[PDB]
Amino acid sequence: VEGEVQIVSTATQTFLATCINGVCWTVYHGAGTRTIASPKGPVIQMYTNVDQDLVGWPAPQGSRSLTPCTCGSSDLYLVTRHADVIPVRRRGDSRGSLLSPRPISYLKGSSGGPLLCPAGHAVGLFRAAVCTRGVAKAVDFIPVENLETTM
């Protein structure tokens, strides 16, 4: 059984990584220029885009790649590090509103995870929770197109 989403950690924190097009993508503010662990030693980033807050290493062991979205739906579904699914309505290229606001803690450690369309395909990578007094009401994300362009 292969997984599209990896739950990763640094000494500092934990977050997610999403395998798309054979690349294991995550948030630069989480991994930085950090190399990823491998049974044969640290493997370096295949892409590092600080401007986009995006990094990617070759897809790891025990993973399968997620397909990018091609239907253009605005009904997204964010997957958290706890495997929760959160409906999000796309408000723009890199922003969408949670159909039901959640405590900031709910989305903690899920940055890097995917935002799926109704077909389960990748619309983008969860970048940051947009909160108002501890309640995340919306989210920031990196469109798959950026990933597609970085490659």
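If you superpose the two forms and keep the largest set of C-alpha atoms that fall within 1.5 Å, you have the rigid core. Note that residue numbering begins at 1 and tracks the sequence as displayed.
- Greater C-alpha displacement in 6 other deposited structures of this protein (rigid core superposition, RMS over structures and residues), of 112-120 versus 56-64: 56-64.
- Between 141-149 and 1-9, the larger root mean square Cα shift in 6 other deposited structures of this protein, once each structure is superposed on the rigid core, falls on 1-9.
- If you average the C-alpha B-factors over 86-94 and over 117-125, the higher value belongs to 86-94.
- Judged by mean Cα B factor in the deposited record, 8-16 ranks above the other of 137-145 and 8-16.
- Remark: of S110, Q45, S38, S65, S38 shows the highest value [criterion: C-alpha B-factor in the PDB entry].
- Among the modelled residues of its chain, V27 has a C-alpha B-factor that falls in the lowest third according to the deposited record.
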